[PDB]
Structure formats: C-alpha cells, structure tokens
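Taking it in order: structure first as structure tokens, then the write-up.
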Amino acid sequence: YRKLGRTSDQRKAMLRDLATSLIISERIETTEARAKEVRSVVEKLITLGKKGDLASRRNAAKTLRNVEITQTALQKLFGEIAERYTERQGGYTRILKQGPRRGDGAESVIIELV
Amino acid sequence: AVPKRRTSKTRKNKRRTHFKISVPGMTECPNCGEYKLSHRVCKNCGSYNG
Amino acid sequence: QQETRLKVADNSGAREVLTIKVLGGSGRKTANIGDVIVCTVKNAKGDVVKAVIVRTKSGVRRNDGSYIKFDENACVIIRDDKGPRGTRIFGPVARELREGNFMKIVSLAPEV
Amino acid sequence: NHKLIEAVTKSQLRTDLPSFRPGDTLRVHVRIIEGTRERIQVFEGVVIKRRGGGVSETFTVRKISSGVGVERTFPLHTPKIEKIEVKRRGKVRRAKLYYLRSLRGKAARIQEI
Amino acid sequence: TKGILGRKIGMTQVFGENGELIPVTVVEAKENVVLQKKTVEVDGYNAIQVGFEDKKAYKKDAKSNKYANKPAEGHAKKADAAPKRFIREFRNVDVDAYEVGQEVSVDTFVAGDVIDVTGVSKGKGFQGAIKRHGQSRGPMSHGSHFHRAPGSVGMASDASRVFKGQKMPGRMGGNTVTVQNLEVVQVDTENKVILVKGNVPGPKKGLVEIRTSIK
RNA sequence: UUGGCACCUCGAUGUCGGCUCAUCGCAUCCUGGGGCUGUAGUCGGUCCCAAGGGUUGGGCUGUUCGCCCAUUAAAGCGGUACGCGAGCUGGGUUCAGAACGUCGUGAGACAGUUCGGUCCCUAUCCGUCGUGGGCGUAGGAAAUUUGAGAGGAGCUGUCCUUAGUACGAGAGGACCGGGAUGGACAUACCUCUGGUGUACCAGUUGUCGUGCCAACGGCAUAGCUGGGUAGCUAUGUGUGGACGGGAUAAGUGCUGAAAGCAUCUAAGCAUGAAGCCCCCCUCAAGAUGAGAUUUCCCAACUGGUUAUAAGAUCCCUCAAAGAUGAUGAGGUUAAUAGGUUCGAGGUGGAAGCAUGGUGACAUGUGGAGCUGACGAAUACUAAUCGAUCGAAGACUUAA
C-alpha cells in the first residue's frame, strides 16, 4: 500500500507483529505511518472474527502470531473481542497523534480498538 | 569540484535568508488551559475531545 | 530483420535464408507479412535473392481486431515479377499476402 | 465498469454466443469479404485464452493446421463472426493454456469432461 | 462549431458498419452554460465563456473550493446560472449564443464531423533525459560508465557556455497539448456523452475542451 | 591539409578513433525555382537562387581516410581546442615485462612488428534545465483572458489517372493537374497485441515450527514455476507536417525614353521558390511599456492608525499532482481517505463433509473460494476545537 522503509516480507512480519500486539493489548503507541498501515490490517481480522466459522478461523490464523495471554490471540479475537464490535459496520480502530518523538522527530500516534 | 573563490559574508547570509524554521502551528487547549499543537493530544492534561 | 534466419516455405532448393536488407525507404528497420526482403541462402547456395514474408510469429492485426500469429517465420523467393521462383508453397499463409498483388503465390499455398 | 462506459456499449454486446471456456474446442464461422464475394470460412481449433473486458473481451483459438500452428485472436462481439459451435469440452485445470505453444503431438492433446 | 467542455471518462471500442473496430474515447459533458459574452465593443475581441462543473452555493465555512465564493457567484448570477468550475473561453465561434446562459448540449456536434481536443497532458515528475527527450543511452557492458545521463552539454571553450534550449532533465508532462482532426463516432444525448475517434490528452476526469478543427 | 615562425601556456592547456549530445557556414548531395544545351521524350551536362528539413545499415582495419556488400530521394563538404575524457571508452599512441628482424664490441636504439599493462573529483561562481518564495504593477481580492515578444514543426517514396495521349521509325515515353497508400521523425494515449506488475490467485521442492493428523506459517534470488488487476510502457493504438495568402531571389516580362530606333528600368506596372512574414502548435503583462473584461469588499476612532471584510492560509484526510515546496480534490452545514456491503476484472474449483478406491488420489456439495491499486453506495474511524494574515484608496492638469 505504502512501503514502510522495509523489505517486502520484513514488512509483512512487522504488520503481523503489530496486529497481534494490538489485539493483545487493545492500544499501542506506534509511528503514524505504521499506524495508518496497521489500521487496514487489524481491521480485516475483526471481520473474520465476526464471521466465526472454521475457514474464517484459519484465514485469521495465517496472519496472526502465537502469544498466550491463559488464552491465545486467535481465541481472543474469535472469542471476546469480536463480540464487543458486533453492531458497528467497520471502523474498529482510531489513531491519536501524540506528537513528535525525541531522537527521531517521528510522529508518534496511539492506535487502539474503538 | 572545489570552490574557485571563497564566499563573501554577504552572499553567505543571502543564501541563509531561507534557513528559517517556522513556528509549529499551535493553539490553546480549551480543557488543559495551555498551548497544545493542533490536531494532537494535549500534553499537559489528558484529553483530545475532537 | 537485418539478421534473421527465415525458413523457406517454397521448395526452391533453398531451405533457410538470412535477412540482409528490408527494401523500402531509407532506414527501414523491420518488415512484416507481405514485404520483399533481400536475403542470402544459408542452406540447401550462397547467393543473394529476394523473398517475401509469407508468415511471421508476431502476426498481423487485420484491421478488425483479428490478430493471426503463426508458429514460426517463413519466406518465399520471388522472381522479377512477384511470381515465386519455385513451384509449391508450404503451410498456411496470411491474407495480406493476397492483397499486395502476389496472386500467383496465394494460389499455390495449401491454405490461407 | 463505470456506468457511463457501460450503458453506452450496450448496443454492441451480443447474445447469440454460447458459453465456451479455455481448454474447449470451437468451430468459429467468419465472413470473408475478400475480392468482391463473401464466404463463411470455418476455423476449427482449441480455445487457448479468454480475457474479459465486457465490450472489449477477446479470445484466442489455436490449431496445428498442417506442420504450422496458427493462433487467431478474435473479439467476442465482432459482427464478423456468425456462430461459434462447441465441438468438445476439455479438462485443463487453468485459464490460459500457453504450454500448448510448445507442443505438437500426443503432448498437445486435451481431455473430455 | 460550438465547442464544449467535458471530462474524459475513459476509453472503449465500437464496431462500425463494416465491423471495422474503432477505439473510441468517451468524454462526458454536462451543465455547459454560457456565462459571459466578450465583444470587441468593450474588450478587443469576440468570444464566449462557458462553465462546466456545478458547485455548491456560497457558504461561510467554505474551506475547500467545493463551494463557490462571492465573486464567482456574482459572475454566475449575471447569467442566472449556478456557479461553475472550469470557466473557459471560446474564440473562433461566431457569437450567436445568449449572454443569458442556455445549456450547450452535446447535440451541437454531429457524428460525421471533425474535431480538435485540447487538454493538459498527463504529469510525470522530473523524468531525466532518456525518458523525457527520447535520447539514446550509453552502452551497457563494454566497460562503460555512461548509461542514462545526457551527453555533452556544449562545445569546448569556443562556445564557453551552454546554449538556451539545451535538453536537460526536468519536470515532464503537464502541458496544454492539442490533438487535431479527430472524429465524433457518436453523440449520445440523454446520457450526455461524446465518443471521439482516438484518445485525448489528459488523465481520467481530466478536463478537455472540444472544438472544431482549425483546418 | 603538409609546412614556416616561435608570440601564450613546461609551480601540468590530457592524446587518435568510436559513444551521448549537438550547433553553425555554404563552396548544395536530395527535395523547391530557373537559363543554356551538341535538351525529340525519358534521362541527362553546366551554370544560376536557395541552408526549411533530410542525409542508411553491415564486412575488413585502432583506425581516419579507403575498398566491398545491400539499399536510398540522397548517402554533402567543412568549422566549433581536426566540438565534446570534472559526459563515457581506452583499441592504437610514447611507462615499467618478454620476444622477433636489424643496427651496436657493449650497455642498449628502432626503419620497425608482435603479446601484457591503476583513466581521480562530494559543483563555489557564470551557464543551462525545472521549480518556489519577496516586493512591485497608487485600495484588497477571485476568475477569464489579449499578446509584444520567444520557442516547436517544416522531410520524402511508390502505386493508379490524365495516358500508352504528347514527342517519337521504333524503342520508349512524359511536364502540368487528381487521389490512395507507405518509410523516417514528432507527439498523445493504454481500448486492443504484448511487457512489467516484491501486500493478487494457484501448483510444487527441502527443512523448522502451530502438541499430533488435516490445514497453514518461517527461511531458501520474490526458493522455484503457471497466470495476472491498477499504474508505468512500445514493439501497440490515434493524430501531425493541410490549406491558403503578402512581399521577394534567380528568372520571365509589359509599357518606355535616356539613345528619332533598340531596350524588363531610369519613372511606372505585373508574375515568380521547400526559402521571408503570416496561417498551425505552445509559452508568455517582472511586456517596470507591468495590459484588459467580469464579480466581490469598503468603518470606527485620532497629521494617521486599528483590528477586520471579501479572500488566502497555518493544521488535518488525500491524488488526477508531486524530490520538497507548488497544483488539484475535501475538512462534518462533509463521501477526502480507511473500514463495511455490493460489483467488475484475476486466478481457477477453498476448507469441512460425504462418497469411490487398500493407497497415491477422484467426484459432488459449487464457476467454489480468495482477491493491491478499478466502480459505486454507507458517516461506522479519522479530517475537532482553533489560530495567522489581509483594504478603507497620493499628487497635478483636462473633460
């Protein structure tokens, strides 16, 4: 979509990592470009979790690391995260610009689940 | 290449005419009471309320 | 084109030709179906002759969106008139050969 | 798909064309007007490619006529093609059959369904 | 002769009355109103303005140009016509329309006429010598360190400077280019589109002004 | 060009030939216009005007020149440090090795010949190519423009008709007029044919994991392979060099004396080039000679000022624009992006199950399932609240 200063599958890895960290923590402080890009990745998994079937669990399992909370991340999604967002039709996140970072000047935002 | 002639301290300052940095483009927070930067979270106290 | 080992679809003893020149205009760099070329026989030889391009891998467009690509390239040697120096043509042959007043060739071909 | 590209080319999309598929085998009829006389010159070959554009969709038919394999690329909605007739239907496992451009004998064959 | 303004929708293709396939550009025009009429008795030439894209009405937030501003609305209210994007002037048409804006429908054009279509070219930023001026490139393999740069930029010491017009890398595309002698395959009224023979300057949704050929 | 001189440079002005890019002269190779011919016609020869455009690809040679091949309308001649090495090469040329012939007693030299042999640089100024800001154009703006001036383009073939007519024993074979269609070159675009397509689909190989089977994930050039959407493209698809004017060169004249005649010239009047100025395409009012048309805005106090108006931005969502800035599309009184739901197109028949096989696997469920850029629709998330800038119009004369 937009290249993130990374190589292709390195970028794939970074996005998978951020989506897992998001649905585990429910809010993460990241860079605005990374947040813009994860916004369109963590929000296509909540759709699969609102579907719920076996095929949806596996399509979600192929874009989601393994970290136990005890639960998994995937049980977290097809379990208790997908139920809270049952009524709204898309728009399951938001970005909040904290501001510039020291050492970078990177635009730091806070992304989260609505 | 190398400079053929050392630069006067007039041409220098003319070239640094545009070496400014603008102000950030800030506002005052209606909640915190102080200056925040527009479209950003308030530094001092908490909320954004947009 | 300008170095291309065409095959000869016409049993004139020559079986392979090297494109030496495309005739027409100063600096023309490519010829297609229905275009006299100068070639030299590489297989049966060693003499300059003028062939026409009966087939082409790139094919033609036919002016209605009908592209006709062929499996390989092929020429047919020509006399001073457009008459083929040989006797029998081989394999298919496109229509634009029929249109450039090569009627003695399209007659002999096995199918157009 | 624009609603304005579409709905202006509705006067060209045709309905008297069967539903063929790559891997199939067609007899296509075409109206030559060469000279001053027209004739319906059949062309019998296996369908190698079928793109899609709506009113810009085309398809390619291949045949090893006699020692020389020739492909021809028609548009579907040409008012030059009279009818397609589907002789056979083959099992091919994919859309564009380009491997047949390097096969002649028992290798450049196709199945029935 | 009454040129129109329009928007390049895309390209498609049709089939003539001999099956002779024609690629054709769909240019859709609508709301062409004639706003002002320039006459030599006040300003030294003859012409007519025409506006094409309707905007909203005047507003007070009005922070995006989707809304007309007050000068634009005075100008368009002179004609009793809504404020419009893309006001353009047409010379070479004998002024026979109304200073009161009447819709110029595409029906002004018949199929068997001929056209020239002005639009800005499509942009391509800072495109270097080989891409921009069709220059050849240096050899790639026989020990050469010259591949895509421009050649020399002058003579040695008897010129002593570069001449104006020297072709160098810079920003490419975006020009007001005109094509000529295009034809009109079909004037689709009631859908309000014109089908031109070819493909016209500009991107999709790029404004194009159609008029009759100067030749 | 081969020289002559030895005036600048030895505290350094880098060689020949190719590559990239050209630009100028005319002593014209082609195309344009003519005179004279020992010009029947076609085809020529020799002069005269003309520099608008065009002027091939290979073999051999370090090579230039030069010969040959195959074309072309033609394959011009020169200058620019025999243009251009802070744009490229480094084949030859004069570095160190080695050898041949020859000369030298010798160390070693070429009339030579042959094989090998480090080509450095981050651009300060002018220059050029793009692109912004400050002020200006006697109020502040938004939009549309005229166009002084500048730039681009400018080439040509072959078929058919006049007509197998004119001219000619015959052979041959046209001028002028009319179309069709090509080459080279510009240019615009992506419908079509192809190319690419590293967040698309499928197949398969090894090995390591998700406890195990099935299903998937990591790494192996993107592991590899078959397709491929948007975009960017050419080899693809459109168009262009048309048509005409005004003045002219060589040229042909018309009238006409100087010169009772003769005379294109002295007065005067015509005709006459691919060339000149127009026409065609573009840029252009910083065109300080700063143009013009329309529309909008215009009050409260102390000679002047103020914030404010119309308007424009800071800030944010973006792309048809883009190195950045700028240009465009929006900022909720909202479809700008993302999500969600439908499509298109792409791949090509998902998992689960059931069935048929002992097994690899096959069929149905089912054109299935997945789908980046493309089209719509939906305020679900985010374009919040805010702030900065920005006039109230000088002086003479004339009507």
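Note on naming: chains are A, B, ... as they come in the structure tokens, residues start from 1 per chain, ligands start from 1 in the order shown.
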
Report as a PDB file with C-alpha atoms (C1' of nucleotides), in the first residue's frame all protein, DNA and RNA residues lying within 12 Å of residue A:54, evaluated on only C-alpha atoms (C1' of nucleotides), omitting residues in the same chain fewer than 2 positions from it.
```pdb
ATOM      1  CA  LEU A  48     -13.065 -12.636  10.071  1.00  0.00           C
ATOM      2  CA  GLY A  49     -13.734 -12.890  13.801  1.00  0.00           C
ATOM      3  CA  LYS A  50     -17.236 -11.503  13.328  1.00  0.00           C
ATOM      4  CA  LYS A  51     -17.814 -14.264  10.790  1.00  0.00           C
ATOM      5  CA  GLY A  52     -16.682 -17.005  13.163  1.00  0.00           C
ATOM      6  CA  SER A  56     -12.510 -17.807   8.939  1.00  0.00           C
ATOM      7  CA  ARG A  57     -10.511 -19.042  11.921  1.00  0.00           C
ATOM      8  CA  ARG A  58      -7.913 -20.439   9.567  1.00  0.00           C
ATOM      9  CA  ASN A  59      -7.748 -17.363   7.324  1.00  0.00           C
ATOM     10  CA  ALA A  60      -7.189 -15.432  10.554  1.00  0.00           C
ATOM     11  CA  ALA A  61      -4.651 -17.977  11.782  1.00  0.00           C
ATOM     12  CA  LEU A  74      -6.882 -16.131  17.992  1.00  0.00           C
ATOM     13  CA  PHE A  78     -12.924 -15.125  17.713  1.00  0.00           C
TER      14      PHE A  78
ATOM     15  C1'   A F 215      -4.730 -27.140   7.386  1.00  0.00           C
ATOM     16  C1'   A F 350     -11.296 -23.201  -0.951  1.00  0.00           C
ATOM     17  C1'   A F 351     -11.847 -25.593   3.991  1.00  0.00           C
ATOM     18  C1'   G F 352     -15.351 -29.161   6.025  1.00  0.00           C
TER      19        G F 352
END
```

Write out, as a Markdown table, each residue of chain D that has an atom at most 7 Å from chain F, together with the closest pair of atoms and their distance in Å to one decimal, counting only C-alpha atoms (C1' of nucleotides), rows going by chain and rising number.
```
| residue | atom | partner | partner_atom | distance |
| --- | --- | --- | --- | --- |
| D:1 | CA | F:375 | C1' | 5.6 |
| D:2 | CA | F:375 | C1' | 5.5 |
| D:56 | CA | F:191 | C1' | 7.0 |
| D:93 | CA | F:348 | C1' | 6.9 |
| D:94 | CA | F:348 | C1' | 5.7 |
| D:95 | CA | F:348 | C1' | 6.6 |
| D:96 | CA | F:227 | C1' | 6.8 |
```

Generate a file of the selected residues that holds C-alpha atoms, formatted as a PDB file, in the first residue's frame.
```
ATOM      1  CA  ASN D   1     -17.362  -0.733 -15.033  1.00  0.00           C
ATOM      2  CA  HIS D   2     -18.197   2.962 -14.849  1.00  0.00           C
ATOM      3  CA  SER D  56     -13.524  -5.340 -25.120  1.00  0.00           C
ATOM      4  CA  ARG D  93      -7.063 -27.027 -14.744  1.00  0.00           C
ATOM      5  CA  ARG D  94      -6.187 -23.444 -15.655  1.00  0.00           C
ATOM      6  CA  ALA D  95      -7.204 -20.337 -17.541  1.00  0.00           C
ATOM      7  CA  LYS D  96      -4.533 -19.514 -20.142  1.00  0.00           C
TER       8      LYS D  96
END
```

Distance limit 8 Å, atoms considered: only C-alpha atoms. Which chain D residues sit that close to chain E? Return them as a VMD selection string.
chain D and resid 4 to 5 8 to 9 12 55 to 56 78 to 80

Wanna dump the chain C-chain E contacts at 8 Å for me, each residue with its shortest atom pair and the distance in Å to one decimal, counting only C-alpha atoms, ordered by chain and number, as a tab-separated table?
```
residue	atom	partner	partner_atom	distance
C:63	CA	E:20	CA	6.7
C:64	CA	E:21	CA	5.0
C:65	CA	E:21	CA	6.5
```

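For the choices F:185, F:337, F:155, F:175, the atom-to-atom distance to residue A:40 is smallest for F:337 when using only C-alpha atoms (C1' of nucleotides).
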
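The protein and nucleic acid residues lying at most 10 Å from residue B:44 are residues 29, 31, 32, 33, 34, 35, 36, 41 and 47 of chain B, with only C-alpha atoms (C1' of nucleotides) considered and sequence neighbours fewer than 3 positions away removed.
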
Pull the strand (DSSP E) assignments for chain D out of DSSP run on the backbone, and list those residues as a PDB file with C-alpha atoms, in the first residue's frame.
```pdb
ATOM      1  CA  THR D  25     -12.738 -26.774 -28.890  1.00  0.00           C
ATOM      2  CA  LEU D  26     -14.707 -24.488 -31.186  1.00  0.00           C
ATOM      3  CA  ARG D  27     -15.735 -24.141 -34.786  1.00  0.00           C
ATOM      4  CA  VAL D  28     -15.888 -20.401 -35.489  1.00  0.00           C
ATOM      5  CA  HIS D  29     -17.573 -19.053 -38.626  1.00  0.00           C
ATOM      6  CA  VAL D  30     -16.258 -15.824 -40.157  1.00  0.00           C
ATOM      7  CA  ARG D  31     -17.486 -13.734 -43.094  1.00  0.00           C
ATOM      8  CA  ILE D  32     -14.670 -13.036 -45.547  1.00  0.00           C
ATOM      9  CA  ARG D  39     -17.808 -16.629 -47.748  1.00  0.00           C
ATOM     10  CA  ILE D  40     -18.121 -18.295 -44.365  1.00  0.00           C
ATOM     11  CA  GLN D  41     -14.610 -19.594 -43.775  1.00  0.00           C
ATOM     12  CA  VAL D  42     -14.699 -22.018 -40.856  1.00  0.00           C
ATOM     13  CA  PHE D  43     -11.868 -22.163 -38.328  1.00  0.00           C
ATOM     14  CA  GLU D  44     -11.685 -25.194 -36.019  1.00  0.00           C
ATOM     15  CA  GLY D  45      -9.399 -25.031 -33.030  1.00  0.00           C
ATOM     16  CA  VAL D  46      -8.856 -25.302 -29.314  1.00  0.00           C
ATOM     17  CA  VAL D  47      -9.506 -22.257 -27.125  1.00  0.00           C
ATOM     18  CA  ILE D  48      -6.210 -21.182 -25.578  1.00  0.00           C
ATOM     19  CA  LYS D  49      -7.077 -17.883 -23.940  1.00  0.00           C
ATOM     20  CA  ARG D  50     -10.175 -15.964 -22.916  1.00  0.00           C
ATOM     21  CA  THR D  58     -11.384 -11.294 -26.749  1.00  0.00           C
ATOM     22  CA  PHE D  59     -10.431 -14.938 -27.107  1.00  0.00           C
ATOM     23  CA  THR D  60      -7.733 -16.911 -28.917  1.00  0.00           C
ATOM     24  CA  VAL D  61      -8.204 -20.124 -30.895  1.00  0.00           C
ATOM     25  CA  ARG D  62      -5.221 -22.309 -31.808  1.00  0.00           C
ATOM     26  CA  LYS D  63      -4.774 -25.046 -34.393  1.00  0.00           C
ATOM     27  CA  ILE D  64      -1.888 -27.057 -35.799  1.00  0.00           C
ATOM     28  CA  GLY D  69       0.434 -23.938 -35.631  1.00  0.00           C
ATOM     29  CA  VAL D  70      -1.615 -20.775 -36.028  1.00  0.00           C
ATOM     30  CA  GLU D  71      -3.466 -18.841 -33.331  1.00  0.00           C
ATOM     31  CA  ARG D  72      -6.143 -16.266 -34.089  1.00  0.00           C
ATOM     32  CA  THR D  73      -7.408 -13.657 -31.642  1.00  0.00           C
ATOM     33  CA  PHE D  74     -10.999 -12.558 -32.107  1.00  0.00           C
ATOM     34  CA  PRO D  75     -13.166 -10.205 -30.150  1.00  0.00           C
ATOM     35  CA  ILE D  81     -18.312 -13.975 -36.584  1.00  0.00           C
ATOM     36  CA  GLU D  82     -21.576 -15.695 -37.426  1.00  0.00           C
ATOM     37  CA  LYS D  83     -21.647 -18.521 -34.927  1.00  0.00           C
ATOM     38  CA  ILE D  84     -19.454 -20.484 -32.575  1.00  0.00           C
ATOM     39  CA  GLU D  85     -20.223 -24.162 -32.170  1.00  0.00           C
ATOM     40  CA  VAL D  86     -18.625 -26.109 -29.341  1.00  0.00           C
ATOM     41  CA  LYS D  87     -17.461 -29.492 -30.585  1.00  0.00           C
ATOM     42  CA  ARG D  88     -15.872 -30.710 -27.348  1.00  0.00           C
TER      43      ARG D  88
END
```

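All of the residues in chain F within 7 Å of chain A are residues 198, 199, 216, 217, 338, 339, 340, 351, 372, 380, 381 and 382 of chain F, where only C-alpha atoms (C1' of nucleotides) were counted.
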